[PDB]
């Protein structure tokens, strides 16, 4: 199993073309990087914007829409026959503050007057509809898959008490899906995206919510499982149980932001890519082998598997790769070991099947084969 250039390796999307599409999250500058471009054309047939289609990127100020960056990804996808996923119409992060300010410029969350609160709810819901309307009216014919809402369920099994819920309640979710369907039509597929969808009580709460919304006529086509996972968790058994229960509701499933971290949580990362022991790459590969075997077994319930990145030289996991140092200045990776200081987000993770030098990793061989 040679460490050959990925540009000379069997195409990943081709290996899985009858099971599900294979996607990657991208930043516009990568479309100007020869290697990244070659990777997208060679191995992927689905693309998503890592950041430029989030609320704050699209409408940073009410009335100021910036589709320039998003357009670059759409244009590239079209020129290369790739499906496109829109990430994301609604989220509590990377969302402009102006959405949640009242007519006097005060946080709607701070309103005590009931009358005033109902007014703010309807105001927020209007802004939500316009945001969604403008985006969907532009891209409805080019983008097939949409993360209509992202992370709206808390890890405590309750709805996430973000400004969206505090101000408008459960209705912000209903309005989001309805507006997307209204302006995009019956052909675009609408998804509720989240992480730790395999963990209780979140899993069942998400399950109950979509069950209830669907029963109320709210248009929801599938569930997006972010899948920011580790080498050992979640177990394949729980991943399977998760996919099955949502499939039972008539929902499509997409693995939307897959990365297999070399670490646990919170992460105790190595400071550089080269410091990561070769054994970790073998463990990671066995995980990828089991993971994709399961994805295939469940192919009639999964339409897409997207990696949150192209190759190891670029991954948001590095922002979470905290490096712990003991009193002697030595790196500490043992989860239950002494340490004196931590340098947050200064280390390096290696989550993909493609290395930082664009050569295939043990994990590539594990999922490209037929065993």
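Residue numbers count along the first chain shown, from 1.
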| query | finding |
| --- | --- |
| Residue range whose averaged C-alpha B-factor is higher in the record, 105 to 113 or 282 to 290 | 105 to 113 |
| Comparing 60 to 68 with 45 to 53, the one whose average Cα B-factor in the PDB entry is higher | 60 to 68 |
| Criterion, highest CA B-factor; candidates, 119, 253, 256, 272 | 119 |
| Criterion, highest CA B-factor; candidates, 306, 330, 30, 303 | 330 |
| Modelled-residue ranking by C-alpha temperature factor, third containing residue 189 | middle |
| Assigned third (lowest, middle, highest) for the C-alpha B factor of residue 337 | highest |
| Record-listed C-alpha B factor of residue 344: chain third | highest |
| Third of the chain's Cα B-factor distribution that residue 221 belongs to, per the entry | middle |
| CA B-factor ranking of residue 158, expressed as a third of its chain | highest |
